[PDB]
Amino acid sequence: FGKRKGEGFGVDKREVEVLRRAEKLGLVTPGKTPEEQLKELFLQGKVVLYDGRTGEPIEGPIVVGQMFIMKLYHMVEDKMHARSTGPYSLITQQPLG
Amino acid sequence: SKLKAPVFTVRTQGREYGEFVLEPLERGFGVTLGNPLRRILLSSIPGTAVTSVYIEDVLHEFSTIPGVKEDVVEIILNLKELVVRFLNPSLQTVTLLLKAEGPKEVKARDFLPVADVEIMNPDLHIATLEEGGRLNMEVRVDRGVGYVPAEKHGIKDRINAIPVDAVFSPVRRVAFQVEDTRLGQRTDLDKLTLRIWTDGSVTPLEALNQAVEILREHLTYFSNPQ
Amino acid sequence: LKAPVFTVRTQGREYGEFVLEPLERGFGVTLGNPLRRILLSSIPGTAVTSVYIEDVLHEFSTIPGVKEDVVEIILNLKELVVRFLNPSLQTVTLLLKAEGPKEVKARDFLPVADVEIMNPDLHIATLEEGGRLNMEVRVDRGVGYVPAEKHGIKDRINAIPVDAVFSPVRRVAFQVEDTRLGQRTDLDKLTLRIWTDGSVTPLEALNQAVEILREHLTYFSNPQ
Amino acid sequence: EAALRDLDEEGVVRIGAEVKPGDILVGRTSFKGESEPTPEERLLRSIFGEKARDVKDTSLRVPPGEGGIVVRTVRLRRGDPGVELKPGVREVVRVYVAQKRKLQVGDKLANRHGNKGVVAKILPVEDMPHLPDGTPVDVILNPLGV
Amino acid sequence: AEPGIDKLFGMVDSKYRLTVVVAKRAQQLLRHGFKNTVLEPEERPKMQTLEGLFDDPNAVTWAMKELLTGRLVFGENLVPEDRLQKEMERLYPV
Amino acid sequence: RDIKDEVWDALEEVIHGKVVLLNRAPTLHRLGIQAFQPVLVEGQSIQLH
Amino acid sequence: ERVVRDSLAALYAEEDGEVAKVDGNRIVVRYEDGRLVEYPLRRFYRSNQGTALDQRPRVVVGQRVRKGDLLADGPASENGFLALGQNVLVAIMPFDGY
Amino acid sequence: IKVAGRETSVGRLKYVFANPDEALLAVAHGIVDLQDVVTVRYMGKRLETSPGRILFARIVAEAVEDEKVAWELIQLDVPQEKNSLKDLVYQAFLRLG
């Protein structure tokens, strides 16, 4: 944020509408500079998020962070399968498996 | 009474950045304008990136070249970063060229020069070579739009030409502020500022015009109803 | 990348759906989201904006010899719709008196010069014999929506301000689903639904909201 | 020939080809049986100027939903040095195939805490929730997990 | 849901009797080329191809719509089986 | 390779109107199996409602 | 870090020395003992489970290496740490049904 | 607040909407949020609810295309949760199919 209020931009109009809501929730202390409140949301690990489909903000402040997430071994590529008709079994003549 | 045409400001820095203000606009046109533009600015804006590679004495991606510390998977990957600006407009496709040897950390400038093509990041690392290690590429970069992945375009000049993935789009990032403003009389007007970041092929400004142009072009489709 | 074909299905003067497909990926919301904004922000209509009633001090009071309360009449008045035929025209007072055992309608408004009451049979209030109804109503040209407690206009002490329902649009609902053309299958198909009050039409409302839109495209001309 | 344009003289795919489902990886021929062409068949050929052939396509193709880029081959005969295989087998050929696996809709992701789930959707970056300063998120997990 | 189902279950005494009436009528059609249909051309179920709209092929969708009209008769012991499998190969050939 | 585009357009005609069955791991009751109209999609994964 | 160690899949420094050559295929190092070891690189080996067991090099020519330092990352190791996956920017919020 | 007798709230006075579209129009313009209890004239009876509770009711009413039935099935003066919604599907089932 400090990068911001120096690079020539202030608080944003949607960040207030969200801050309005955060106050009804109780995430922020009412009657404090937006920076004070955004600070307060941050420390709760929450940030303002704009839906990219509209530009409008998420009515709430969201948890956004950095996670360690592995790709497991179980991939669709190894498990999609289908047969119309195929092999059958010697004694039963039912399809193989 | 209605507001009138507002004051366009333009604050370009380098060939990369840009800040584009519009003042003043009717309350709730901050987004009504700044979102759909940012949507088209991320998705539809032509540009360049590499498409395919031959490497002398190589036949598939998963190879390895002696006296170069990088595997071909990491070279085809260091070559996606490379960003190529075309100068001639009617130029659709190039074929760069490279060769080096000895203990040289081949960076992206080491490519041979062509006219109507500038290597917008010369300092790019490419491949580390030690005494005895050769190299000879034939990259094939293209103007296109959006994201077109290897498994999808199959671009082979030679027979052992590794197709590569294209980050065509030249827009690195697009944010946009909406802050409060007034035309003396009225409150709660909107001050749209439009950030734009770029690689160099096209520039924040040219991007933003191009975005608008498509946006305009699209509204025409509403002309002929059934 | 074909010419996106544009389809109308209107009913009457108040409802049409407009379907525009196929469209490159992401764009049925790139359009039509802004159109939503605009079709509700800036569609110039007409709105009841103040009221005075002969013996009525504040909004929350009962008119004697009348069945409705004050608010109830303010509400019926919120629903009137009238088009200004002379494009110049920008305000109007509407006069209506009557009394005794009748029920007043929007037809019963004192006619005026290029002021078309769309919905004449709308009902305003009922009177019992001995009930006097005497009132004047302000009606302006404007856009969007404006609480009463936020434009204030009083033409006289004891005139009440009503909430200002300009927009001839009543809802915008748009619905972008996935559709395919040949082998290309991520395309947007945009359905857009538009309710109005007859003042303007669904087809009309849109083409204006379209028109506004390009007009801001032009606000990227003279730099600095 | 199109159906062989990637096989070497012997019947091996060339190291570095692209192979997809249906493609031969190693051609092979086994001899037909006591059903050597029956009447129905001995006649169909009688019209086409080719007589019944005595060997059979047993080529090793590729399985449905598999494939990639031939990265190596190993050919072990017997009669070559160092090599002797299970009785009665002349020659055994192995072809190792590779693939670069982008993430795709269906694969499983997990974190170290037991949040596990399948990739159900890949939005383009213009749809991702993002921070004021233009940056789009990568993963949208759902709080109902916690 | 299936279009009109709620009334279908209304006609028959037990849901399963609908299912066989539908499936039977729906195969009377598959073998006869639909010539015996008791529809008119504008009620004809129609699917949308990449070229242009054409007759719905799914003989079961037909049979269901077909049934809603009321233009069919259902019930036990109404014909000789062999006197239908020909009189209908007569009125509409194979 | 040999699959040409209008193969798929051909398929879409095929499956019109008809449903398939989905079955899930323990068919504990009458509803481990239910009927669906398939809508064809790219990618490998089944889409459940 | 230990895990990448005892897993014996990454590739380390036997004694103090300096690095002679480096390459997608091998890593030779002059030692203070004068010995010239040549650690070759297990490059793109197919594991039991099909997962490419790939050894990549992490030093450059002449690099001065104290003992037990690193010379190549095993698979799923980054500069010697167990890299089981990736770090991503995650948002935690319902998203329209997906 | 008890204001001259009955208990109502500041928001049930300020804002009094003649029809539901208007109440939603106010919500589209920042005026009120969906969780605010307001006053609205839906089908004669002039009710004390929210636009939320009014939106919901239209959802039901438009989906089953019977505004009259739909009015009856829902309970409106309550948050929708697992039970109430379950109860609607059953009640809808019994009277619409």
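Don't worry about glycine lacking a Cβ; one is built from the backbone with ideal geometry, like all the others, and counts go over all protein chains shown. Only the coordinates and a few stated rules stand behind these numbers; no lab work does.
Could you work out the mean count of beta carbons from other protein chains within 10 Å of each residue's beta carbon in F:6-18?
4
Take every Cα pair under 8 Å in chain E that's 6+ residues apart, average their separations, divide by the length, and report that relative contact order as a whole percent.
Working: 59 pairs, mean separation 28.3, N = 94.
Averaging sequence separation for qualifying contacts and normalising by length gives 30 percent for chain E.
Could you work out the Rg to Rh ratio of the protein assembly as shown, with Rh taken as the Kirkwood radius (inverse of the mean 1/r over all Cα pairs)?
1.03
Residue by residue through A:6-14, how many Cβ atoms from other chains fall within 10 Å of the Cβ on average? Before the final figure, lay out the partial values.
Numbers: counts 0, 3, 5, 9, 4, 4, 9, 12, 5.
If you average over the peptide's residues, the count of other-chain Cβ atoms is 6.
Peptides F:3-16, H:36-49: what's the order by average Cβ count within 10 Å, highest mean first?
H:36-49, F:3-16
Have a look at the DSSP beta bridges in the protein assembly as shown and tell me what percent are antiparallel, nearest 5.
Antiparallel bridges make up about 95 percent of those DSSP assigns within the protein assembly as shown.
What relative contact order, as a whole-number percentage, does chain B give when Cα pairs under 8 Å and 6 or more residues apart are counted?
Averaging sequence separation for qualifying contacts and normalising by length gives 32 percent for chain B.
Can you order the peptides E:26-38, H:72-84 by their average number of other Cβ atoms within 10 Å per residue, highest first?
Going from most to least packed, we get E:26-38, H:72-84.
Within 10 Å of each Cβ in peptide D:97-105, how many partner chain Cβ atoms are there on average? Round it to a whole number, please.
5
Would you list C:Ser42, D:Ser59, B:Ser52 from fewest to most Cβ contacts within 10 Å?
Numbers: C:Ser42 20, D:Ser59 16, B:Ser52 23.
The most exposed by this proxy come first: D:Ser59, C:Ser42, B:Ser52.
How much mean residue ellipticity at 222 nm does chain D get from its helices, if each DSSP H run of length 4 or more adds -39500 (n - 2.57) and you divide by all residues, to the nearest 500 deg cm²/dmol?
Result for chain D, helices only: -2000 deg cm²/dmol.
Give me E:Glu43, D:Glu40 ranked fewest to most by other Cβ atoms within 10 Å of their Cβ, as a rough exposure proxy. List each step's numbers first, then the result.
Working: E:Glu43 13, D:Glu40 7.
By the 10 Å Cβ count, ascending: D:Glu40, E:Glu43.
Measuring from the lowest to the highest alpha carbon on each principal axis, how far does chain D reach, largest first, in angstroms?
So the three principal-axis extents are 76, 48, 28 Å.
What 222 nm value per residue comes from the helices of chain B, counting each DSSP H run with n ≥ 4 as -39,500 (n - 2.57) and dividing by all residues, nearest 500 deg cm²/dmol?
Estimated from H runs of four or more residues: -6000 deg cm²/dmol.
Mind jotting down the distance between the C-alpha centroids of the stretch F:10-44 and the stretch B:126-150, whole Å?
Taking the Cα centre of each part, the stretch B:126-150 and the stretch F:10-44 sit 45 Å apart.
List B:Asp180, C:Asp186 from most exposed to least, where exposure is judged by having the fewest other Cβ atoms within 10 Å.
Values: B:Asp180 17, C:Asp186 13.
Going from least to most buried by this count: C:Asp186, B:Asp180.
For chain G, modelled as a Gaussian network with Cα springs under 10 Å, which listed residue fluctuates most, G:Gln63, G:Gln55, G:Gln86?
Comparing G:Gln63, G:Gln55, G:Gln86 in a Gaussian network model of chain G, the most mobile one is G:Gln86.
Taking K and R as +1 and D and E as -1, what net charge do the other residues with C-beta under 11 Å from the C-beta of A:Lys71 add up to?
Numbers: positive: D:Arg101, D:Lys102, D:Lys108; negative: D:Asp107.
Around A:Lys71, the charge tally is +2.
Averaging over every viewing direction, what projected area does the convex hull of the Cα atoms of the stretch C:45-166 cover, in nm²?
Seen from a random direction, the Cα hull of the stretch C:45-166 projects 6.8 nm² on average.
If I take every Cα pair under 8 Å that is 6 or more residues apart in chain H, average their sequence separation and divide by the length, what percent do I get for the relative contact order?
18 percent.
As a test of the formula, what do you get for chain G when each DSSP H run with n ≥ 4 contributes -39,500 (n - 2.57) and the sum is divided by the residue count, at 222 nm and rounded to the nearest 500 deg cm²/dmol?
Helix-only estimate at 222 nm: -1000 deg cm²/dmol.
Determine, for chain E, the count of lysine pairs separated by eight or more sequence positions (or lying on different chains) whose alpha-carbon distance falls under 24 Å.
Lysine pairs, 8 or more places apart or on different chains, close enough: 14.
Which of the peptides D:27-39, C:197-209, A:66-78 is most tightly packed, and how do the rest follow, judged by the mean count of other Cβ atoms within 10 Å per residue? Kindly include the intermediate steps, with their values, before the conclusion.
Values: D:27-39: 10.5, C:197-209: 20.4, A:66-78: 15.1.
Ranking the peptides D:27-39, C:197-209, A:66-78 by packing returns C:197-209, A:66-78, D:27-39.
Students often forget the sequence filter, so: which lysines lie under 21 Å Cα-Cα from A:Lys13 once same-chain residues fewer than 8 apart are removed?
A:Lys3, A:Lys5, A:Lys24, A:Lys32, A:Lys39, A:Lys46, B:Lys191, C:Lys150
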